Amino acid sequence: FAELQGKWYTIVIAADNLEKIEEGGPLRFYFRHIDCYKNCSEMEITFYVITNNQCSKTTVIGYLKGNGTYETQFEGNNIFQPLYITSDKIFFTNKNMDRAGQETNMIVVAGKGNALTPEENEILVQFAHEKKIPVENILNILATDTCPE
């Protein structure tokens, strides 16, 4: 998981509860950076979300557990882990349990800046099928990444 360290942007996000990741949704986030500590057992994530119609730069810490997942508190409880890592992309799975108890299953693809290639899109589709997330719920987040670098 040490391969997680560096500058990253959110390229695509897919979720079973689509309203969570559309504009205005609490889980629509725009990565900026991941810093790893202690052989990446602590993963600090820096990102932007829009809150009250303003860009809100945020940091949270993901804590690695014995089961190989990371837990972080943000808009509820999150349980996430990399599904597949390359030098220019990270495909993560995340399960969010909000404060009402609603569970949302998501796939987040982080990248260095470019849109996904055809092969990367195929990998994403295979993951969406495996996780039971509709392909019509795959959103292009890079297109609306408007907050400061």
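Residue indices: 1-based, along the sequence shown.
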**Item:** Average Cα temperature factor in the PDB entry - higher stretch of 58 to 66, 34 to 42
**Value:** 34 to 42
**Prompt:** If you average the Cα B factors in the entry, which is higher, 114 to 122 or 91 to 99?
**Reply:** 114 to 122
**Message:** For the chain shown, is the CA B-factor of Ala14 in the lowest, middle or highest third of its modelled residues?
**Reply:** middle
**Message:** When the deposited Cα B-factors of this chain's modelled residues are ordered and cut into thirds, is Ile138 in the lowest, the middle or the highest one?
**Reply:** middle
